[PDB]
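Student: Compute the structure for the input listed below.
(chains A, B, C, D and E)
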Amino acid sequence: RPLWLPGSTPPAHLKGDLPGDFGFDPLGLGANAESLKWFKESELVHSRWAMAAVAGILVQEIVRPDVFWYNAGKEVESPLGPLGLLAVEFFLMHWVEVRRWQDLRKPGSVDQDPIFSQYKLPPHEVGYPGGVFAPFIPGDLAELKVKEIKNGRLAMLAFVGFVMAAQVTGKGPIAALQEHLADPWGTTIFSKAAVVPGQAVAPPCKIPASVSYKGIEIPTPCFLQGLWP
Amino acid sequence: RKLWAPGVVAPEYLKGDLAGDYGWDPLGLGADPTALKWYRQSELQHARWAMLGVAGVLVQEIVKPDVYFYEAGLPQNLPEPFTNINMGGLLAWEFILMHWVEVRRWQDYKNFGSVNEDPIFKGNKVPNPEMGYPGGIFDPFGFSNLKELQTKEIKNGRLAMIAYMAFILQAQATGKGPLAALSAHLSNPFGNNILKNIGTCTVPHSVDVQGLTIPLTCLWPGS
Amino acid sequence: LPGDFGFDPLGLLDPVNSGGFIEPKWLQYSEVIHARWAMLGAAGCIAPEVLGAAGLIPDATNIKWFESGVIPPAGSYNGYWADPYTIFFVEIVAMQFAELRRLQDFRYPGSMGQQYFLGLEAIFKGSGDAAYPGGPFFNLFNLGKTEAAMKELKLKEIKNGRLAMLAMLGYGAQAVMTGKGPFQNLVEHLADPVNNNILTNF
Amino acid sequence: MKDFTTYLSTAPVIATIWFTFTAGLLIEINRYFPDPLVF
Amino acid sequence: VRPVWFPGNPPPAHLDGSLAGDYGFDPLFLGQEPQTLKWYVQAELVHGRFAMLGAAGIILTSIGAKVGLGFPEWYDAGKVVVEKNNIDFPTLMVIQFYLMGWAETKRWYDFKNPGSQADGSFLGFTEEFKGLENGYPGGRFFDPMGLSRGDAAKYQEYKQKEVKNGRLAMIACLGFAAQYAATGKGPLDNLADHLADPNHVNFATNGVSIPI
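Tutor: Numbering: from 1, shown residues only, chains lettered A, B, ... in the order given. The coordinates are given below.
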């Protein structure tokens, strides 16, 4: 079995049934199956969120450059009332999330379109609605799920590294890429900072301070500033 | 069998099965077998490393007899192609690749026979007969007898460890390469010796790198 | 037994009703302990003076032993890489460990070779006798594999140690009276076995 | 240890400690609240 | 056979090695009695966890201080924050009192009666206030991640590590108290100082600790 370590031994509760495992849980927290399903769900959740996020940020930096995706929160504009937008947002989200959670806590219990009785989703797996939720399927879930989880974990890493690269350079990830390409040698946190018993150094942040939006003036500190190297 | 001293007795476990043995474990450290393998691996480690070290310092002292290897560590002390590189990226590449290969050797010691193949070009594997003895591609000419090979290896390696440490101390004292120190003892064996040079090392007391200064050290409070 | 010339006037070797640390084992144990200490002390006090007399060592060295600083009133040396008390601290903890484990032996033989001590436990089996552990360390070389030469070494150790204790007494007494180096006093009494004596120093 | 607990539950030592406690109570009382006459 | 706190001597009777951190150390036999011993177990656990809290907050704040983040020195921090804010010291104190009192009282009467606190007399919860062991209230709340309910072996190891780091944190916070009591400075400051000159930055240089 392909393992996250060549030549090592998987733990107890890890075998390989669920895709995306290769015997990795050094803390062995996958003991309780309840929390384990909980965490499978949560990891799928985060992976999908982050995949969507990186995709959107990338394509947007592409087509509409010079718009700091990080500062889109600030510099967005729309004639619609922001309060109404966030209201619709909250309510929509409360609904969808309570649906998914009610189904998790009680499997196969909400599978119907409660409006159109004709419409009702077939039986499926928690974390795998499908049917209408997956109408067209080329290939096999055997590979689809493994690719899903792989790409999702990778995209989580992508998103967080984008955030770091912004906090350190303020540049969009593509800008930072072109920068790295320009100087392969000097474009490294290595070439940016280091720590020694004599003295320590860290790169300064580009996210300036409390952002002054339309009256609120959001306090904008840094992520764990003092321990960046 | 000649032991490590005329008339001395050997410990029960020292049998010469490992080369360079003479029955010398005055502090019984070779009691546990696990730790014994650990320590043999490390001994070979240090012997080989110091062998390479004396080799390098020697050949460079010969070819460019002005570098003063003890000070060659500086970016200014770098050859034509690159002498003002970023120590940042230097450390980057170095640490990455070394951490890899060290984890490889570590998995080796942990499970002898575990990772013998090239994990990608799977038509590629080296058979390891002994812990710390890869061979195969690591032995391009396949000289493997192996016993006297190991004897000469371990013996010369211990001695090279000693020699390299000697070079370090002599450099701290006289601020000069072993070449210079030997020429000194030859110009005068009476003069040019530890009896005179003693009690004062030439430690230049915390030189400064591109970004900062590094604290400096001497083996004794000679200063 | 070694060094026994019947020299026990008050009869302290009386076995009956023994106890405390008035007990032949601990007694001779302490004897050889102090004897070895005195050997070391003779070497220590004597070395630097004659060493500077040979000039092989610097003149910053070779101050009279007591002028080290152990008694700062008697004079101290400076050039020590750290503070007197700085040294003294780690010195305390080190000897604490050493003496403690030695005593743990003396009270419970071999009982320092069981709890994990970095593999140095076969070294700490010693023997069934304090002051004579042996083991791979405390006997590097098998010197005295015969018991005749063994006891020979034992007696030699005893005589040498008692004599060295007497030597330490002499060192202290002279350095108090004349306030000079013992080596100084040697050179003096050699200049005059007649005019350089304790009688002269009155 | 239990022997010790019993020794402390012995009588005169208990009388002692109770008296000490009361006396320290009243001395501190007078310390922080000097010169009481009425109320 | 287990490594004694003091090699060579045998351990006491009421000390065996059943609980984590047992190295046979009760030279004063305070745990001769089972009830008192178990009580002491719980007390040591509580105090060690508190010390862990203390050390963590201290070190964080001290880093924030030394690096230019404007974080006050801990021993000043309470005063400075109550001053920077419009908070009322007695109000803070009394609310904190309320809370710690209620929770600690629950713990107290659970030590008294081992299981009466999970009866569901509380709002609607049951066994979520049920102690797994003395001083080990492992439940859905005090162990939502359920480490205790898997690999009891690694769990015991974790108990070992817990008491270990707890005694470490206790001695650490005492150390910090001492560092300030001596130098009047930040412990991280004094740290960098000993870094500067171990040969000449120490209590022996303070001359206060050792009064010579």
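
Student: and stretch B:131-142, does that touch chain A?
Tutor: No - Stretch B:131-142 lies apart from chain A when judged by C-beta under 8 Å from any C-beta of the partner chain; the minimum separation is 14.8 Å. Quick note: C-beta positions are derived from backbone N, CA and C, even for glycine.

Student: got the buried residues for that stretch?
Tutor: For stretch B:131-142, the neighbour count (16 or more other C-beta atoms under 10 Å in any protein chain shown) marks B:132, B:134-135 as buried.

Student: what do you get for stretch B:188-195?
Tutor: By neighbour count on 16+ other C-beta under 10 Å, the buried set for stretch B:188-195 is residue B:192.

Student: Identify the residues contacting it?
Tutor: B:173, B:181, B:184-185, C:56 (C-beta atoms under 8 Å, 6 or more residues apart in numbering or on different chains).

Student: Please list only the buried members of those residues.
Tutor: Buried among these by 16+ other C-beta under 10 Å: B:173, B:181, B:184.

Student: Report the secondary structure element holding the last one.
Tutor: It refers to residue B:184. helix B:178-187 (DSSP states H and E).

Student: Packing partners of that helix?
Tutor: Secondary-structure packing of helix B:178-187 (3 or more C-beta pairs under 8 Å, 6 or more residues apart in numbering or on different chains; DSSP states H and E): helix B:33-63, helix B:146-174.

Student: quick one on the thing from earlier: make CSV out of the buried residues of stretch B:131-142 and add distance to residue A:94.
Tutor: Shown next, in CSV, are those (distance: C-beta to C-beta, whole Å):
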residue, distance to residue A:94
B:132, 63
B:134, 61
B:135, 66
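
Student: Let's have these in JSON lines, adding secondary structure and distance to residue E:94.
Tutor: Rendered in JSON lines, the data for those read as follows (DSSP: H, G, I helix; E, B strand; the rest coil; distance: C-beta to C-beta, whole Å):
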{"residue": "B:132", "secondary structure": "coil", "distance to residue E:94": "68"}
{"residue": "B:134", "secondary structure": "coil", "distance to residue E:94": "71"}
{"residue": "B:135", "secondary structure": "coil", "distance to residue E:94": "76"}
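
Student: Which member of these is positioned nearest residue E:171?
Tutor: Nearest to residue E:171 among these is residue B:132, at 41.8 Å by C-beta to C-beta.

Student: I figured the closest one hits residue B:44, correct?
Tutor: Yes - Residue B:132 lies in contact with residue B:44 (C-beta atoms under 8 Å); the separation is 5.2 Å.

Student: picking that back up, filtering the buried residues of stretch B:131-142 by proximity to chain D, which remain?
Tutor: Applying C-beta under 8 Å from any C-beta to those, none is adjacent to chain D.

Student: which residues in chain C form helices?
Tutor: Along chain C, counting by DSSP state H, helices occupy C:24-53, C:84-107, C:135-138, C:147-177, C:182-191.

Student: quick one, phi psi at residue 5?
Tutor: Just going to use chain A. Residue A:5 adopts backbone torsions of phi -140, psi 120, taken as degrees, to the nearest 10.

Student: try chain E instead
Tutor: Dihedral angles (degrees, to the nearest 10) for residue E:5: phi -50, psi -30.

Student: Now do the contacts for residue A:169.
Tutor: Residue A:169 sits next to A:175-176, A:179, A:206 when contact means C-beta under 8 Å, 6+ apart.

Student: how much space is there between it and residue A:192?
Tutor: Distance from residue A:169 to residue A:192, counting by C-beta to C-beta, to the nearest Å: 9 Å.
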